[PDB]
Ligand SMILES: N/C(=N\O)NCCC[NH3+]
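Here we start with a single chain on its own, the form solved without this ligand, put down as C-alpha cells.
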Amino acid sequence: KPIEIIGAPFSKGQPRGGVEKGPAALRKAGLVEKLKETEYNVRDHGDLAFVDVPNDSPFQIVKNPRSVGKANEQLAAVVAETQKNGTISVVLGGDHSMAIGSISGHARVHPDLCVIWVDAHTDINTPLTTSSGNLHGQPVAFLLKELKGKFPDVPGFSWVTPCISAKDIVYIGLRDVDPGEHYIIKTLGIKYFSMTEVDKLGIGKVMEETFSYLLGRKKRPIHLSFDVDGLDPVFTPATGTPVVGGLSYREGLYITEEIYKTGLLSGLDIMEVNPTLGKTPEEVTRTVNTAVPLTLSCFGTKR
C-alpha cells in the first residue's frame, strides 16, 4: 500500500555515462512530489551509495563483474526489506543490470511473483553468449532457474539464487534480439509479444493475454521492469540503446493502467533513463516526462 522509492543510480552495467543520473532526473521532474498526490503513501529511501571494488578486472568477456555484483547485493537486501515491511518497491535506475538486485530482492519475500518485462531487448545473454561484455544485457540470464550453471559463475554474483523460471516471465515490446538470446527464449519456451505480435493484435489483446498466461493459474504479486528503451525513441530518445519502431506513448500507458488495474503490482523498475544521451534538453525533457507518467500511471492516474 505504501511505496518506498529507491534510487539505484548505476552505469557500470554498460559503457556510457550519465545513467546514474537518471534517478535525479526523475526526482527533479517532480516524481515523488507528483506521486504523493495519489491514493498511495510515499516514503523516499533516497539513492543507495554503491560500493566500488578497486580493480575488479573483467571476468572472461564480461566487464565490471565485482563492481556490479556487490552493487546489486546491497540493492537486493534493501528491496527484500521494503517488501517485508509490506510496501511496494520502485527502483529508479540505473542500467538494467539493477533488475538482478530488484528481483532477487522482491523474490525473497514474494517468491511466487511473475515478471512482465517491457524492454526492446530480451536482455537475456549468458556470460557465455555475450558479445558486448556489458552485464546490463545479462540480467534475465542471471535470474532464471532454468539456466543455472549454463555460463560459468561470474565473480560476485554468488549471493544470487536463481530467482524465477521461464514460465513466470513475459516480454512485451521486443524488436532487437541477438541470435543467442533468440536461441534461449525460443528454446526455453519463454512466452512473449515482440513488436510484430503487438502489430497483429494490438496491446489490447497483448495485455489480455499476458494476464491469461501469468495470472491464469493463481493471482500472484507482479513485478514489472519497465526499460524506458522500449517505447519509441521519438518519446524516450535519451537512452543508451534506442531501436526504432517500438511501443508508443499511448501504448506504454495502456500497459501501466492495466497492470495498475489488476491490483497486484508489488514491484516496479523505471530503468535506463540517461540524461546525457539526449541531444538537447527538449529530448531529455521528453524522456523524463514520459518516464514519469508511466510511474504515475501504474499508481492510479487514468485519462
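Residue positions are given as counts along the sequence shown, with the first one as 1.
Judged by mean Cα B factor in the deposited record, 105-113 ranks above the other of 85-93 and 105-113.
Set 264-272 against 56-64 and average the Cα temperature factors; 56-64 ends up higher. Highest CA B-factor among 281, 22, 13, 293, as stated in the entry: 13.
Taking the deposited Cα B-factors for 148, 217, 191, 223, the highest one is held by 217. When the modelled residues of the chain are ordered by C-alpha B-factor, residue 199 sits in the middle third. Residue 162: CA B factor lies in the lowest third for its chain, per the PDB record. Ranked against the other modelled residues of its chain, the C-alpha B-factor of residue 182 as given in the entry falls in the lowest third.
For residue 51, the recorded CA B-factor ranks within the highest third of the chain. Only modelled residues enter the ranking.
In the deposited entry, the Cα temperature factor of residue 135 places it in the highest third of its chain's modelled residues.
Heads up, the form deposited with this ligand bound isn't pictured, but that's what we're talking about next.
With respect to this ligand in the bound PDB entry, the three residues 125, 136 and 178 uniformly fall within 4.5 angstroms at the level of their nearest heavy atom. For this ligand in the bound PDB entry, the listed stretch (82-90, 67-75, 107-115, 221-229) containing residues with heavy atoms inside 4.5 Å is 221-229. Taking the partner from elsewhere, residue 256 is found to have every heavy atom lying beyond 4.5 Å of this ligand in the bound PDB entry. Within this chain, residue 132 lines the site of this ligand in the bound PDB entry, having a heavy atom no more than 4.5 Å away.
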